[PDB]
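Novice: The following block contains the structure, expressed as structure tokens.
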Amino acid sequence: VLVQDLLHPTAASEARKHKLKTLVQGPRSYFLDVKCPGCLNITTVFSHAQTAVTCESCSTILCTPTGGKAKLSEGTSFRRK
Amino acid sequence: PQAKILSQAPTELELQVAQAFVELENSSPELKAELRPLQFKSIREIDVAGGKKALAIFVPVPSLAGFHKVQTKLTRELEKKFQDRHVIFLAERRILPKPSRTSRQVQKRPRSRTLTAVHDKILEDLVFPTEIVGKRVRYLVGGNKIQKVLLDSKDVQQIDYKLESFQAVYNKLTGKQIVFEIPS
Amino acid sequence: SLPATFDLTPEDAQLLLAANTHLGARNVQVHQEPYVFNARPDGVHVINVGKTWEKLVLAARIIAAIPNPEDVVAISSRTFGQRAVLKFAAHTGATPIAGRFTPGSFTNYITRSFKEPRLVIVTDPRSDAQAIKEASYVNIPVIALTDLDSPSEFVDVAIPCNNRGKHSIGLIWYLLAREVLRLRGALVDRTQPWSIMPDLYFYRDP
Amino acid sequence: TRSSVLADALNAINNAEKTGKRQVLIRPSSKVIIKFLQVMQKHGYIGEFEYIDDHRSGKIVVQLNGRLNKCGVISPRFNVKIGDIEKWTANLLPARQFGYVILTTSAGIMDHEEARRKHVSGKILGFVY
Amino acid sequence: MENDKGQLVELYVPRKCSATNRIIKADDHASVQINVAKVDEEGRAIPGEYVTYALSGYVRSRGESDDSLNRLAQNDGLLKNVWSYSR
Amino acid sequence: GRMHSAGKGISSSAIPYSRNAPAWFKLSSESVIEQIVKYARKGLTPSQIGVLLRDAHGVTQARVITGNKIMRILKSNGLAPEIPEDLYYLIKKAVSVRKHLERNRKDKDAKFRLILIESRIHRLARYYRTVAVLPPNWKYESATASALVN
RNA sequence: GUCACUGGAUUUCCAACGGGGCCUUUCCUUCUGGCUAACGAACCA
Ligand SMILES: [Mg+2]
Ligand SMILES: [Mg+2]
Ligand SMILES: [Mg+2]
Ligand SMILES: [Mg+2]
Ligand SMILES: [Mg+2]
């Protein structure tokens, strides 16, 4: 305080800050890849997705929406990006 | 195939590169069928702080997405076939002047086609892979300026050695001055 | 400008952790955040003793270069810091003040406790604040033993210790006295520890 | 809603110098912030400054050395006849011998000493000292 | 402050604060000047020889006399690994 | 802050700093524009379209990867509606409120809010009238607009 | 030069300050004119 590097704040305090309050703003949301074991098909779902997602067929489920990150349903695998 | 892939009959280097292109067109599962549609307008030579010279190949615009699919391949074999040179692909972009009471033209003038959009497209082509993750501009206490370009961390190998080149590529073109940095 | 002999050394880092200086306050403060190393589970903050040490050295550096060693005033109104600052007064010139500072000491030339120090040292800025405040009226610099929660106002060059009590207050004054004797003075080869036991600075009571 | 955005800039600056800070984050940025900061730098009333690129309007971080008393904006931007510049400088500047009223003229953002030498005038912009 | 022919008027020129570079007024009585001793190799601070700083009352008032010493000392080569330019 | 209330809420999307990318997706825009027009003919708005695309299909944002914002697409293919979905919902709400005011005339808060809604609508329509998305008159009318939602 | 007024800069100091031209993707279009391309691509005033 009274002198500091604003151009290079630490990545520890830039991560705890609010979404819009980062030195340049950017999203905190990610995307997933998900399969249920019954189909080999891969479906890519958005972390906060508002739509209850199904894979290409079979209307199992994938996620259910909430006020936060969508809730992935039961046994499923999810990678990042 | 020698003089036709050129378009505007000169010059020395371009024909030299043209014969280095068709040479690579000999293999044709891919490396021919993909390389033939892509021609280029011309090239320029620019020195670097190191003894290696820079070879900048001008590209017609919308063809520019074809040289992108190859690129890594083509700049790999071009830096092989012409050693001691850095090979980069820049699209030739029309710049229309800022309209005024004196220089003025009908049909408005689009945003791309503006001097700043073009110089902001040069920085994007010079680096070609490794998307720019930010920027700054330093306004120096003596009155001059330095664009700090922030390059990605992925595949930054494809560039790392050419960074003092890109710099001098930009300075002979624009008149401006660059620096680079990486994420952490 | 600081030689590698001045570096921490394991012997000293032993005395500090044994004395438990490194244990810091639960409520931290905004000005004392740099001296924090990390927080323990169950809300106990670990002071960074290397920053503790180096400050101590810078502090002892400034006590030194004060031309007359009596002018330096060591103040504690706390009990824990009292027998501490008397000893600091005995080795270095250092006219001390233990317990009641009495107001109007640095102002009010007519008082009997009148002083005109060129430096002040303070164990607890909270409890001693009367001295810090008067100090701010006469242009007097101040050294401070500070916890994580301590008033930063009108204190230059703080030494984070523990200051909740026990041995830390005694150590930091002890180590303070030790280092101003090595600087200028006669101790001469800091390589060897001190004849004086650090338990000479401590609180007594029964 | 934001109106001037120059006036937000010179405010965060003038607020920071006074609190003893050495650096200030401005937002948003704009050509006129840039040019103002430029005439302030070139007389030494700030250090260097660095534009940040967010894809929208930009930010700036300016380094403050002290030595600056007030930097301020004049809204509205009044049309200033050429002889009136004398009259402006008398009101809002601490002495005849230093300080700068900074204009915006067909000859470009500058200070009144430059505009005096270039014999130009226009809308007034702000002051600095 | 120069005068007509190159000549020094203005009976005195004040000190400047090391942290803020703000003038230190004659009546500023919370202002402080710090004298840190200079050492020859292996201790033995040199008498009469100081690395000195001056802080303004504002800063000592504001609670920043501490962190501004650190930034200054490290800069002037007193301390190492204490003060941090990024947060 | 908020137009028609005191709320200062900043809750919003932060668009990433990217013109291009995600470097991973590479699904060939004409492939997404296809999926766009499908949901268009299915009777969806640009708003709920880009959500369905963002949730199930990846598709971070359609302005990126297709170079064109969603509504523009529907217009070039000719799925553009009469009144913007902006207006469409405001008038929807306003009509939905007025229906409630008919069976309850003693609800004053309802009478208050209808004013707020219709105020928003006349402001919006003026805009769309200025940039000529709507005819030089238009002018939402309380009685008539019930059929404009249905 | 009279022992504050006045005459000149030896292209060299150092310095600033301001004005006009060009070159760099760039002075648009039109009108008149000059010379020319195999009916008036070009170029120049
Ligand atoms: Mg405890
Ligand atoms: Mg200067
Ligand atoms: Mg707000
Ligand atoms: Mg309101
Ligand atoms: Mg209102």
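What you see of chain F is 2-151, where the numbers are those given in Swiss-Prot.
Each residue, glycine too, has its Cβ placed from N, Cα and C.
Here's the feature list from Swiss-Prot:
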- F:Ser32: phosphoserine (MOD_RES)
- F:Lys39: ubiquitin cross-link (CROSSLNK)
- F:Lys43: ubiquitin cross-link (CROSSLNK)
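Looking at the shown structure, can you explain where the listed features end up?
Specialist: F:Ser32 (phosphoserine) falls within a helical segment according to DSSP.
Its Cβ taken as reference, F:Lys39 (ubiquitin cross-link) is surrounded by 11 other Cβ atoms within 10 Å in the chains shown.
Long-range Cβ proximity for F:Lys43 (ubiquitin cross-link), meaning a same-chain Cβ under 8 A and a gap of 6 or more residues, is found for none.
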Novice: Whole-number answer please: how many Å between the C-alpha atoms of F:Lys39 (ubiquitin cross-link) and F:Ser32 (phosphoserine)?
Specialist: 11
Novice: Let's check the environment of F:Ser32 (phosphoserine): how many other CB atoms sit within 10 Å of its CB?
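Specialist: By my count, 12.
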